[PDB]
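K.L.:
Build the 3D model from these lines:
(one chain, ligands or ions: 3)
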Amino acid sequence: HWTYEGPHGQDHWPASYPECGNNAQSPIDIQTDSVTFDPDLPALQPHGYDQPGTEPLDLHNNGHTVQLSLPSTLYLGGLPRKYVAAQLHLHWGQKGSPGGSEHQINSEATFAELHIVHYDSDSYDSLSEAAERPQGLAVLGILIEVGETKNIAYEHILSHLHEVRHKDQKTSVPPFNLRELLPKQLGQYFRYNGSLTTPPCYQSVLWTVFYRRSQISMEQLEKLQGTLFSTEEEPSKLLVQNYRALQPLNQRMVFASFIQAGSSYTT
Ligand SMILES: *[C@@H]1O[C@H](CO)[C@@H](O[C@@H]2O[C@H](CO)[C@@H](O[C@@H]3O[C@H](CO[C@H]4O[C@H](CO)[C@@H](O)[C@H](O)[C@@H]4O)[C@@H](O)[C@H](O[C@H]4O[C@H](CO)[C@@H](O)[C@H](O)[C@@H]4O)[C@@H]3O)[C@H](O)[C@H]2NC(C)=O)[C@H](O)[C@H]1NC(C)=O
Ligand SMILES: Nc1ccc(C(=O)c2ccc(-c3ccc(S(N)(=O)=O)cc3)cc2)cc1
Ligand SMILES: [Zn+2]
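P.N.:
Residues are numbered from 1 along each chain as shown. Ligands and ions are numbered 1, 2, ... in the order given. Dropping the coordinates below:
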């Protein structure tokens, strides 16, 4: 039903999903001259990422993004609660246009963004249940830019897009090292309270956005931008610009797990 553009586009999400119009939404523009360094933010400690089970992982084109199912055996050890992995998916723009990421750092967007979604298994039994609760979810946001070389880790996913071009189609992806989808310096990240970036826009996400960006080749980007369709059949329409517009910070604080010389903030 909902879409990014059109009568049911994001500008009209609040009309159907009340929370999309609330004031602690995501994504946001993280301006470093306004973040607060928190020396107590722990290392994320992703567990099981190197080997996501031994069974094939499901890759699904749900019409809004391409989604990879993840086993609950994977989890993050550096958060207030034990957050177990549920899935990961992507957001991108379109060939010939700028942007594509959801979050921005110092008002700069990149070409795409990877989201690895987890939920509090200590308190809840399912992603869906946790999705409606305060800090019920923990999502990792990795901004993606273009580099000179092909990124093998991302290729493990991108090499399968041609198998799920139509909405609702699915395929299998052999387990691979998910840690390689993450950028360098995992110890440098931003943390803030936000929401799902798609309807129902529940304000249940404890967000972690990495400071460093991951890089894929220009060829990999063009493939991510124009392989999948948002339609189930002909006529076909390419799935593009599936990223939400920036939402007001609305006086929330954004914390940084690091600080360096020349940082726009102090200790
Ligand atoms: C996302 O949004 C949530 C909800 O608003 C925030 O969670 C709150 O965080 C604050 C600040 O850390 C918590 O308040 C502080 O609680 C401390 C005690 O912590 C223990 O007890 C609480 C209550 O049971 C537990 O929630 C917590 O897990 C611990 O077990 C107090 O020591 C603090 O008091 C001191 O600091 C305040 C200033 O903040 C002074 O005024 C006091 O005098 C004193 O020096 C403080 O009260 C609050 O409990 C949390 N609420 C909930 C529901 O968890 C997240 O921090 C926020 N995350 C981000 C990234 O923004
Ligand atoms: N009709 C519904 C169907 C499924 C659900 C969910 O359980 C659900 C859970 C999480 C998400 C979700 C949305 C966005 C993001 S994001 N883009 O912020 O990383 C993550 C999870 C969506 C739906 C809710 C209502
Ligand atoms: Zn997302």
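K.L.:
Return the residues of the chain in contact with ligand 1.
P.N.:
191, 192, 193, 253, 255 (CB under 6 Å from any ligand atom). C-betas here are computed from N, CA, C, even on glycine.
K.L.:
From ligand 2, how far off is the first one?
P.N.:
Yep, that's residue 191 we're talking about. As for residue 191, its distance to ligand 2 is 15 Å (criterion: CB to the nearest ligand atom, to the nearest Å).
K.L.:
Use 272 as the first number for this chain going forward.
P.N.:
Will do, 272 is the new start, and the previous item becomes residue 462.
K.L.:
Name whatever forms a beta bridge with that residue.
P.N.:
residue 479, residue 526 (DSSP bridges).
K.L.:
Around it, count how many other residues there are.
P.N.:
21 (other CB atoms under 10 Å).
K.L.:
and it, what is it in contact with?
P.N.:
309, 312, 477, 478, 479, 525, 526, 527, 528 (CB atoms under 8 Å, 6 or more residues apart in numbering).
K.L.:
try 7 Å this time
P.N.:
The neighbours of residue 462, taking CB atoms under 7 Å, 6 or more residues apart in numbering as the test, are 312, 478, 479, 526, 528.
K.L.:
so how far is ligand 2 from the first one?
P.N.:
With the distance defined as CB to the nearest ligand atom, residue 312 ends up 20 Å from ligand 2.
K.L.:
What separation do you get for that residue and residue 392?
P.N.:
21 Å (CB to CB, to the nearest Å).
K.L.:
would you turn the contacts of residue 462 into JSON lines with neighbour count?
P.N.:
Below are those laid out as JSON lines (neighbours: other CB atoms under 10 Å):
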{"residue": "312", "neighbour count": "18"}
{"residue": "478", "neighbour count": "24"}
{"residue": "479", "neighbour count": "24"}
{"residue": "526", "neighbour count": "15"}
{"residue": "528", "neighbour count": "22"}
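K.L.:
From the residues you listed, pick the one nearest residue 428.
P.N.:
residue 479 (20.3 Å; CB to CB).
K.L.:
that older thread, could you single out the nearest of the contacts of residue 462 to ligand 2?
P.N.:
residue 478 (8.3 Å; CB to the nearest ligand atom).
K.L.:
That closest one and residue 467 touch, don't they?
P.N.:
No - using CB atoms under 7 Å, residue 478 is not in contact with residue 467, being 10.5 Å away.
K.L.:
list residues touching both of these two?
P.N.:
In contact with both residue 478 and residue 467: no residue, using CB under 7 Å, 6+ apart.
K.L.:
what about the residue in the stretch 272-421 of the chain that ligand 2 sits nearest to, which helix or strand?
P.N.:
Ranked by CB to the nearest ligand atom, the top residue of the stretch 272-421 of the chain for proximity to ligand 2 is residue 399, at 3.2 Å. Per DSSP states H and E: residue 399 is located in helix 398-401.
K.L.:
Good, wrapping up.
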